[PDB]
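Here the structure is laid out as structure tokens; the discussion comes afterwards.
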Amino acid sequence: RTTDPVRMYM
Amino acid sequence: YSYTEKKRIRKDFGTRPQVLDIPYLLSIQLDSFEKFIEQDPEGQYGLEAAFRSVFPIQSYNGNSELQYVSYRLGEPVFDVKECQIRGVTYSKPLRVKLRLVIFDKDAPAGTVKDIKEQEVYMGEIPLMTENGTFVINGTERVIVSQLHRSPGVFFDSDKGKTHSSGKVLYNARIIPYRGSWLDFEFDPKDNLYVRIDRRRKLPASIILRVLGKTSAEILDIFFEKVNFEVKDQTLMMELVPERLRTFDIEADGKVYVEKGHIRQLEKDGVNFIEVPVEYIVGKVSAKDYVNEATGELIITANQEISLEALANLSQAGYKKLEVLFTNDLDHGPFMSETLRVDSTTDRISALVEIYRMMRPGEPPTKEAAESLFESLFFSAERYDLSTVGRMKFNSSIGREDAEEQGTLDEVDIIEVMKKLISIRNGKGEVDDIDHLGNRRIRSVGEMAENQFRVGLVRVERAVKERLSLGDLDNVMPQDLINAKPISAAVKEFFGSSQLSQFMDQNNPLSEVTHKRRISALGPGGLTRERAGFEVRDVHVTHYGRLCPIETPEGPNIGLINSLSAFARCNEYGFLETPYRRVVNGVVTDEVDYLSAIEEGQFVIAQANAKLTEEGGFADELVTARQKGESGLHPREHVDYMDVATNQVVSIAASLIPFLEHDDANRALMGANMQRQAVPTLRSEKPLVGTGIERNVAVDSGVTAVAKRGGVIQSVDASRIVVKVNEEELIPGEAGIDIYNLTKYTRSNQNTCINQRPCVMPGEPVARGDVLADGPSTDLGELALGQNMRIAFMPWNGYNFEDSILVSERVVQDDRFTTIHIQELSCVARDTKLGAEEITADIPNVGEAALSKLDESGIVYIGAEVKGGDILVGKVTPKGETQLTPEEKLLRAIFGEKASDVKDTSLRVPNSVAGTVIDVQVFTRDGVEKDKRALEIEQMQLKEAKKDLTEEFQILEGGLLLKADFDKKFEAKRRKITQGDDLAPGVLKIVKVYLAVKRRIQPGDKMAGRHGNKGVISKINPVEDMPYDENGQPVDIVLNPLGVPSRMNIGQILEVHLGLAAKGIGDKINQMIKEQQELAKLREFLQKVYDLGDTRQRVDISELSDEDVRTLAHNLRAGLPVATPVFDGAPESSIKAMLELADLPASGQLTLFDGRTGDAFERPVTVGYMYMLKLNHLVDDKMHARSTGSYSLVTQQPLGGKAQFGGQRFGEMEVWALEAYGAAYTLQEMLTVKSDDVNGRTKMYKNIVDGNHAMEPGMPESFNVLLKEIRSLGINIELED
Amino acid sequence: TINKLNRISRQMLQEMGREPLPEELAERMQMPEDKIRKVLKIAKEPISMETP
RNA sequence: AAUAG
């Protein structure tokens, strides 16, 4: 649903 | 008449009196910056508004807060001239008073434990000059106004061009000043969808659910209810009379038509209707119906009623059922169908879905969703519907409250939804996107305020972060504020913004037009490639607001506009134009400024309407315009009239004589090219003009205008001293005014700015009189070009196409000779090897090139220099250089070897010859000042002493004292003596100014004011040019073929009127030369000034003898005449003027061929035309290169005349060569002329050897391409 | 050294209202002015070749 | 960005 590694890390 | 106007009175051919003078042309800049910097007690504009928007800054915990008190601007370090010399921004320091108030934790919140008041330096604010310009890094710049979309709500449609069928789809967009965008659109299924910041659509009902609106409440808001009852065991409609006007109708007394007008039967009035159950079957419920006994919901809201549902409510005892009104024409189920496709049923679910669409891939929590929704539209920190945006929003949705609100709310969103639904139904219309009531002007003050607020937010974040720490015992407010972010924001806007433009300074008109320029581009605007046809068009609302003629010709067409002559911006930023009231049928001289919205209601007559002596209209039907459409209207229905005949055109178009006889395509070119004219040695007035020349000359600021009246005490080429009148002294004032004139100063386009006195000692002057004339000014009138004798005839093909044939005399009299001042710099820096030195010890240069240099190695002032001559000598240390063995042998034979330093000196550029008029030396603080710098410092100190002494002597003579003048001179000495803050690593800078006299030559571009541009083809000898019966040759021969197909007939009329004016001037000159009686001179002058039925009453009887002599002397070179635009001189007036001057009424003379003496077979139109010398000179455009510098990566020749680069052989040239079949020429272009490093050296060597053969190789660009493709992890290779 | 030079320059800018000249910064840092100039020009990041 | 064709 998302591609930003920041959001995946959170 | 003022004295300057009395010296040379221009004959006026106009006929309509002017009730409103043209206002100050630079008001749009000065008013905006005054709003920005001036203190506002109400705190609505500028710095005070920004400070009150950001402050107070509150810590998160509550420990303390920083409060704003006041601000002030300090005194500038340098003046404008000093800033331009040094190369620094003209600005004032911003000093803000702030109090850090620290609260008490033990005490209840809100107890003032301590206060610390202090002044903080909050950056440096650039200042606007007296003429509307800024000085950024020593460069004069103009910040251009922007035409942007007004904040608010706009209703638009796709016009039936998206879906397969027509199905015109409607949308509503809410756009704030700051914040996210809101979109409500219809789909081709008649469902309403919402978009937040242009992302994936969501059903509209969601935005209602987040606001606490139940489905029943939604239906109540968006629908009307039709009700039903069970009355006496019978079905019951509650009748709404207006709705009725397929079944049998009740009210047996007044039976209506049954399954087959309405008003007649409705006249009596009944409240009872009986209907079938099938009429209920299709309807949709309006309420949720619950049973206490069953505990369940029998029927839900937005649910279609059924027979079983009717039975269930019948058993439940419910007798009244309300359902939604729904039609196909006036009412629609759009909100119900939207609710059906809506999966959300509660506020939390809607918030979660909004969070998912906002921030995908993040786990949704209730608090995060609530914070996001609050921050989107209902938070003042992140949303701002400005005052203009709020006013436009309220006007669109018809709301008469929340005037000061800046955030949306429930009422706003629901009203926007209702208006969009209404427009879908049919009531209402979409908005015109190009209407000037929907477009706003944003000027320098607004943009500066926005950027300053950005900087304030940047520092507010850090201030809050620090105040959250808590340890504030030793913290003062100036330890909390970092001014560098704010300074960065303001310098970014003032130096690197797209709307902060390098000032156009060819002539006064260029400056005035640049300051009155409106761009649709810039931050927050359109883009050249993405802009469409409609925005580029001339809207009907541009009348009196934006000029329809003046716009750039090119990709910028329609996106850049010029303010009209009388246009103005109201307090909200919308353009408004003045109109004369028509009261009781008479045209009153009262003026009302109307905006685009207000203009449409009224019927506005034109300035050409005939008027009676009582002030009313003559014709019963007058030509007026209403709602943007012109037509014929009754006299009694006219509400307004136009104030002036030049109200629709801009200043540049207002300067074109006989504009009404020119096609708009050529008027565009004339207006554009009037701004590229280069000033000449001698300014000459236009013989034929429009009357706006004085306005441009005075309001540009190039001239010197008397601040106070009096008598000119002293005149000199550089100084004017005026002894002020006794009535206009400030008590205890010296009583003198000193005007120091600018003498030969470079402009932004390397032209000459020079001010020449036009007053004599002892001459009386009033306020507003012109004391000195700036560039392109003649006695206070704008003088862009020269008056040329013109013949319209072909001459042996030398005026082919648009070529111009020019006599040699025009070159001899220096009529188009121009002065160009060029600035050159030599920078001595610090290198690793050593420090570069400015000296006359230049290796490998003889004493021939050092003649013009002094001991310090700098050229003398007044030295005539040619191309390649050394101006400043400089030597750079060089490292060890390997010598080839042959060079070693040559050194062994002849032992000379002196290569410690390398000659890197400043030299005059090739094909440039001029005179050194100024040399300036800047030395870093801590570096030895050479002899030349000391000489300049001593000269400057002596000049300051002398100027101060002279000024003091004159002021004390007027008055008829040591500490104040000693302080002033000490400040001047400090400014002169101190070091210069140069760029890091720079040891010294030497700037040399060269004055170049450029004469007219073939290749130069010349134009009139009607789009008649051309290039000079030949400088003809005088004996070869056509001449008249009196032996007078013409000056310029123009092709008559360029007139008819271009429909610029104003040039022929100008030629005729110029012939007449020069004839009358020649008659006056003859009367002066023969020394006739002054009575005869007065009679002739009165006869000249009484020609025609004009609005001008010049009485020579009121002029003294000396005044008449001065006027006659100024009319020797021709009589200046004024022909206003759309109020010009008729052909009868021109013919009468020709008859007065004893010239043919047709304007055509008999010319003879100077080469043969034979008369041309037809009469030739000979007259006088005002011609300009445009800044497109073949000197600056001729370039050639054989071999030079190459690029670092592509190894191709550089680009540009500055870099001595080569021309680009583009794709289309390669296509042309391929079409020809020239394979070898193409291979030459690709390989040995561009990037074959070995091949190009071999080719040069072959040509030097006279062999003319090439050995092509691989271009370096292909090797680069191979390397990058390999770097992308792709094996690309060449196979044999 | 660069960071503490920036901090001292910001405090002095707040103190006197104009940019601190290198000699004043040198006096406050208790370092030679030549060292200050060295630190000043070695504290600049490379510019991009795509900059207009 | 602006300007010329």
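So the protein lines, in turn, are chains A, B and C.
Per full-length UniProt numbering, the first sequence starts with residue 95, numbered consecutively.
The second sequence runs 3 to 247, 252 to 266, 273 to 972, 1021 to 1340 under full-length UniProt numbering.
Per full-length UniProt numbering, the third sequence starts with residue 467, numbered consecutively.
Where a beta carbon is used, it is the ideal one built from N, C-alpha and C, also for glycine.
Rounding to the nearest angstrom, what Cα-Cα distance links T1170/B and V1181/B in this structure?
In the second sequence, residue 1170/B corresponds to position 1110, counting from 1. In the second sequence, residue 1181/B corresponds to position 1121, counting from 1. So the alpha carbons of these two residues sit roughly 18 Å apart.
**Report entry** Short-range partners of chain A found in the region 351 to 377 of chain B, where Cβ spacing is below 7 Å
**Finding:** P372, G373, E374
### Query
Using a Cβ-Cβ distance under 8 Å, would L506/C count as near chain B?
Within the third sequence, numbered from 1, the residue matching residue 506/C stands at position 40. Interface residue, yes.
Next item on the list: Return the chain-ordered ranges of every beta strand (DSSP E) run that is complete within the region 1188 to 1254 of chain B and spans a minimum of 3 residues.
Entry: 1224 to 1233
**Report entry** Cβ-Cβ distance between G181/B and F389/B below 8 Å
**Finding:** On the second sequence, residue 181/B is found 179 positions in, with the first residue counted as 1. On the second sequence, residue 389/B is found 377 positions in, with the first residue counted as 1. The answer is yes: Cβ separation under 8 Å.
(Q) Any beta carbon from chain C within less than 8 Å of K99/B's own beta carbon? (A) In the second sequence, the residue the question calls residue 99/B occupies position 97. No, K99/B does not count as interfacial toward chain C.
- prompt: Quick one: Cα of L533/B to Cα of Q148/B, how far?
  reply: Along the second sequence, read from residue 1 onward, the residue named residue 533/B stands at position 521. Along the second sequence, read from residue 1 onward, the residue named residue 148/B stands at position 146. Using only the alpha carbons, I get a separation of about 7 Å.
Extent of the continuous beta strand (DSSP E) run through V353/B
Looking up residue 353/B in the second sequence gives position 341. Neither: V353/B is in no beta strand (DSSP E) and is coded neither H nor E.
inquiry  = If contacts are defined as beta-carbon pairs under 8 Å, then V913/B and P889/B qualify, I think. What distance do you get, rounded to the angstrom?
reply    = Position 901 of the second sequence, counting from 1, holds the residue named residue 913/B. Position 877 of the second sequence, counting from 1, holds the residue named residue 889/B. The pair is a contact, with the Cβ atoms about 6 Å apart (cut-off 8 Å).
inquiry  = Mapping the DSSP letters down to three states, classify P1257/B as helix, strand or coil.
reply    = Along the second sequence, read from residue 1 onward, the residue named residue 1257/B stands at position 1197. It is a strand residue.
Next on the checklist: To the nearest angstrom, how far is the alpha carbon of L511/B from that of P535/B?
Outcome noted: Here residue 511/B is taken as the residue at index 499 of the second sequence, counted from 1. Here residue 535/B is taken as the residue at index 523 of the second sequence, counted from 1. Roughly 8 Å between the two C-alpha positions.
* Asked: Quick one: does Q480/C have its CB under 8 Å from some CB of chain B?
  -> Start at 1 with the first residue of the third sequence, and residue 480/C comes out as number 14. For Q480/C, the answer is yes, since a Cβ of chain B falls inside 8 Å of its Cβ.
request  = Starting from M1314/B, trace the beta strand (DSSP E) both ways and give me its first and last residue.
outcome  = What you label residue 1314/B is simply residue 1254 of the second sequence in a count that begins at 1. No beta strand (DSSP E) holds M1314/B; DSSP gives it neither H nor E.
Chain B within 8 Å of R503/C, Cβ atoms only: Here residue 503/C refers to the residue found at position 37 of the third sequence. Taking Cβ atoms only, chain B reaches closer than 8 Å to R503/C, which makes this a yes.
Q.
Whether or not the region 688 to 696 of chain B and the region 825 to 832 of chain B are in contact is what I'm after, with contact meaning three or more pairs of Cβ atoms, one per stretch, closer than 8 Å; do they touch?
A. yes
- Does the distance from the CB of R528/B to the CB of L575/B come in under 8 Å? What you label residue 528/B is simply residue 516 of the second sequence in a count that begins at 1. What you label residue 575/B is simply residue 563 of the second sequence in a count that begins at 1. Yes; because the gap between Cβ atoms is below 8 Å, this pair is in contact.
Top-ranked residue by Cα proximity to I468/C, from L506/C, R476/C, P488/C, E511/C: Counted from its first residue, the third sequence places residue 468/C at position 2. It is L506/C.
Which whole-angstrom value describes the C-beta separation of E672/B and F1186/B, a residue pair presumed to lie in contact below a C-beta threshold of 8 Å? The residue labelled residue 672/B in the question sits at position 660 within the second sequence. The residue labelled residue 1186/B in the question sits at position 1126 within the second sequence. Confirmed, Cβ separation roughly 5 Å.
Measuring CB to CB, does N173/B end up less than 8 Å from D185/B? Indexing the second sequence from 1 puts residue 173/B at position 171. Indexing the second sequence from 1 puts residue 185/B at position 183. The answer is yes: Cβ separation under 8 Å.
> So with Cβ pairs under 8 Å, would you call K1305/B a contact of chain C?
Replying inline: Position 1245 of the second sequence holds residue 1305/B. No, its Cβ sits nowhere closer than 8 Å to a Cβ of chain C.
Task: Runs of alpha helix (DSSP H) lying entirely within the region 179 to 236 of chain B, each at least 4 residues, in chain order - done: 207 to 211, 217 to 224
Q | Beta carbon of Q761/B nearer than 8 Å to that of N1235/B | A | Working through the second sequence from its first residue, we reach residue 761/B at position 749. Working through the second sequence from its first residue, we reach residue 1235/B at position 1175. Their beta carbons are under 8 Å apart, which means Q761/B touches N1235/B by this criterion.
Considering only their Cβ atoms, is the gap separating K295/B from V282/B smaller than 8 Å? Residue mapping note: residue 282/B aligns to position 270 of the second sequence, counting from 1. Residue mapping note: residue 295/B aligns to position 283 of the second sequence, counting from 1. Their beta carbons are not under 8 Å apart, which means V282/B does not touch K295/B by this criterion.
What are the residues of the region 470 to 498 of chain C that lie near chain B, defined by any Cβ-Cβ distance shorter than 9 Å? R476, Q477, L479, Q480, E481, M482, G483, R484, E485, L487, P488, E489
- Task: Return yes when the Cβ of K227/B is within less than 8 Å of the Cβ of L336/B, no when it is not.
- Result: As a first step, residue 336/B must be located in the second sequence, where it is residue number 324. As a first step, residue 227/B must be located in the second sequence, where it is residue number 225. Contact: yes.
Could you tell me whether the region 713 to 729 of chain B touches the region 769 to 784 of chain B, using the rule of 3 or more Cβ pairs below 8 Å?
-> yes
query: Going by the CB atoms, is the gap between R10/B and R1155/B shorter than 8 Å?
result: On the second sequence, position 1095 is the one that residue 1155/B refers to. On the second sequence, position 8 is the one that residue 10/B refers to. No, the pair does not count as a contact, with Cβ atoms beyond the cut-off.
Whole beta strand (DSSP E) elements within the region 872 to 907 of chain B, 3-residue minimum
882 to 884, 886 to 889
Exercise. Just the C-alpha distance for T635/B and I445/B, rounded to the nearest angstrom, thanks.
Key: Position 623 of the second sequence, counting from 1, holds the residue named residue 635/B. Position 433 of the second sequence, counting from 1, holds the residue named residue 445/B. Their Cα atoms are separated by approximately 28 Å.
Where the beta strand (DSSP E) containing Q932/B begins and where it ends | Along the second sequence, read from residue 1 onward, the residue named residue 932/B stands at position 920. It spans 926 to 935 - the beta strand (DSSP E) in which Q932/B sits, taken as one unbroken run.
Using 8 Å for Cβ pairs, my map puts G612/B next to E648/B. What's the rounded Cβ distance? One-based indexing of the second sequence puts residue 612/B at position 600. One-based indexing of the second sequence puts residue 648/B at position 636. Contact flag wrong, Cβ pair sits at about 20 Å.
Where are the alpha helix (DSSP H) runs, 4 residues long or more, that stay fully inside the region 46 to 133 of chain B, in chain order?
-> 49 to 56, 82 to 88
query: Residues in its own chain within less than 8 Å of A676/B by CB, not counting five upstream and five downstream?
result: If you number the second sequence from 1, residue 676/B lands on position 664. Hits under 8 Å: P560, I561.
* Asked: Is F464/B closer than 8 Å to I493/B when the C-beta atoms are compared?
  -> Here residue 493/B refers to the residue found at position 481 when the second sequence is read from its first residue. Here residue 464/B refers to the residue found at position 452 when the second sequence is read from its first residue. In this structure, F464/B does not lie closer than 8 Å to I493/B by Cβ.
Handout entry: Chain-order list of residues whose beta-carbon lies under 7 Å from that of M369/B (same chain, five-residue window excluded)
Key = By 1-based counting over the second sequence, the position of residue 369/B is 357. The answer, listed in chain order, is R201, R202, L204.
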